[PDB]
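Below: the structure, in structure tokens.
Where a number appears in this text, it was derived from the coordinates with a stated rule and is not lab data. Ideal geometry is used to build each Cβ from the backbone, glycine not excepted, and the neighbour counts take in all protein chains shown.
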Amino acid sequence: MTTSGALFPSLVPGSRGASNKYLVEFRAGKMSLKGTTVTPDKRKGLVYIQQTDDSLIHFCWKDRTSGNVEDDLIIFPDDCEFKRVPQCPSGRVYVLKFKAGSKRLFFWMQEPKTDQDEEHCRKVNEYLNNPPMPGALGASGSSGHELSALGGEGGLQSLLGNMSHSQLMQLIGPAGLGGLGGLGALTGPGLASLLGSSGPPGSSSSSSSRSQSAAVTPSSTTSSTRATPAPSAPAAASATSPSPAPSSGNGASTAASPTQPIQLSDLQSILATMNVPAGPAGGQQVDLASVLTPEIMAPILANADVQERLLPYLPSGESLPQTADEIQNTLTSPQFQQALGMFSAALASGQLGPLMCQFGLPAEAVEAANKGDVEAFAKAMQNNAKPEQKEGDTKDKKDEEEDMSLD
């Protein structure tokens, strides 16, 4: 014997008395590449945020169709930023941008009430900014250097030595530059620190040595002004709340809105070479497939003269359709965007031009196609997407025939 047989304290207790599992949890889904085309993954999902035992932020997305974990990442302090997409009409689409790597995961909120929209964003982005007091960050005071940081070549120099005897002459320019940028900076003011750089009154100097205020006296006496002052109050025109409207960017719409990328043109180019199933010389290739849709492009891309310009410019890893009853009926999306993008490259060069004349496309598109104006070609085919009028059936103005009616 050792004890009794009336044992009870050998079944373990639980918790649920302020012992939370997660830092943040909310209903949201995401978008994914289905090839070159991005599509929403229209499952019910959950995003959640948790802390690691190393004291970093663990971010996770899970399914609610069966309940599976689908994606998870440990994120370092400041390494990501979560923001709402401004191009969204409702506001429910969001983006987690990774500042290292240039990766963007586009999310979409599946919470019904939009009253919590900014509240979830704030809670997420505060944990990405401020971690729950880690000690695993490291230290650097007078050490912390990598002696190579891997291999594969670096671009810190163009050549290690340049072979040039004639290297004494400087590059000649059309004007030059002076000392702008070497102004001296702030050294630490005391006499005007936060004052605004103003000086003392000018009423204290009253010597009266000169009193010149006019020289418009060629006849000497010209004192025709008897007793009529002119204060001259408005020295300049100004407004407290100006609001432009004529706003032009070289055209009254063309670049009048802000279209400048935040380095995104270079970042999307390297991503297209590294992992994204896109083209680095493209972007427009993916968009024009929504404008020049399969119904119009079916007999065009089914012609051999177009295929013989697409096929040799193909980068390998794709095989386009060859007949119109494939293109009009049997498609996904990426294959058509690849076809549209190789088409637009040959069109923009001008050499595809002659075929548009042979197919029988609109005269404004046929003109644009032979120049290489893909923007005007797309606009012409979008505006003239109709037959010989469709905005009323009353274009049938027959007024009888008497046989002798053909001349």
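Filtering the range 74-86 for residues that are over 24 Å from the mean Cα position of the chain (by Cα), surrounded by 11 or more Cβ atoms within 10 Å (Cβ to Cβ), in contact (Cβ under 8 Å) with a residue 12 or more places away in the chain and in a strand (DSSP E or B) leaves a non-empty set. Only residues that are aromatic (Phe, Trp, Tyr) and surrounded by fewer than 10 Cβ atoms within 10 Å (Cβ to Cβ) were counted in the range 1-27, giving 1. Exactly one residue among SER344, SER319 is among the polar types (S, T, N, Q), within 33 Å of the chain's Cα centre (by Cα) and surrounded by fewer than 17 Cβ atoms within 10 Å (Cβ to Cβ), and that residue is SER319.
Looking across the range 102-154 at every residue that is touching a helix residue (DSSP H, G or I) at 6+ places or on another chain (Cβ under 9 Å) and not charged (D, E, K, R), the one that is surrounded by the fewest Cβ atoms within 10 Å (Cβ to Cβ) is identified as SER102. Taken over the range 276-295, the criterion of being small (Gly, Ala, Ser) and outside any helix (DSSP H, G or I) is satisfied by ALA278, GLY279, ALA281, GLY282, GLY283.
Here's the yes/no breakdown for (1) of a type in the set (A, V, I, L, M); (2) exposed (fewer than 12 other Cβ atoms within 10 Å of the Cβ); (3) over 17 Å from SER290 (Cβ atoms):
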site	(1), (2), (3)
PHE336	no, no, no
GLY350	no, no, yes
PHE377	no, no, no
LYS386	no, yes, yes
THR394	no, yes, yes
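Tally up the residues in the range 296-324 that are more than 23 Å from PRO280 (Cβ to Cβ), in contact with a helix residue (DSSP H, G or I) (Cβ under 8 Å, 6 or more places away or on another chain) and assigned to a helix (DSSP H, G or I), please.
10
Has the range 39-46 got at least one residue that is touching a residue at least 12 places away in the same chain (Cβ under 8 Å), more than 30 Å from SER290 (Cα to Cα) and surrounded by 14 or more Cβ atoms within 10 Å (Cβ to Cβ)? For the range 39-46, residues touching a residue at least 12 places away in the same chain (Cβ under 8 Å), more than 30 Å from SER290 (Cα to Cα) and surrounded by 14 or more Cβ atoms within 10 Å (Cβ to Cβ): present. Annotation note: of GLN307, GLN284, the sole residue that is without any contact (Cβ under 8 Å) to a residue 40 or more places away in the chain and under 23 Å from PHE377 (Cα atoms) is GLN307.
Among the numbered criteria (1) in a loop (DSSP other than H, G, I, E, B); (2) surrounded by 10 or more Cβ atoms within 10 Å (Cβ to Cβ), which one does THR273 miss? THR273 satisfies all of (1) in a loop (DSSP other than H, G, I, E, B); (2) surrounded by 10 or more Cβ atoms within 10 Å (Cβ to Cβ) except (1). Against the criterion of being exposed (fewer than 14 other Cβ atoms within 10 Å of the Cβ) and either more than 17 Å from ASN125 (Cβ to Cβ) or in contact with a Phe, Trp or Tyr (Cβ under 9 Å, 6 or more places away or on another chain) (or both), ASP63 does not qualify. State the number of residues belonging to the range 1-51 that are among the polar types (S, T, N, Q) and closer than 29 Å to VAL85 by Cα. The total comes to 6.
For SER32, the conditions (1) without any contact (Cβ under 8 Å) to a residue 40 or more places away in the chain; (2) over 26 Å from the mean Cα position of the chain (by Cα) all hold with the exception of (2).
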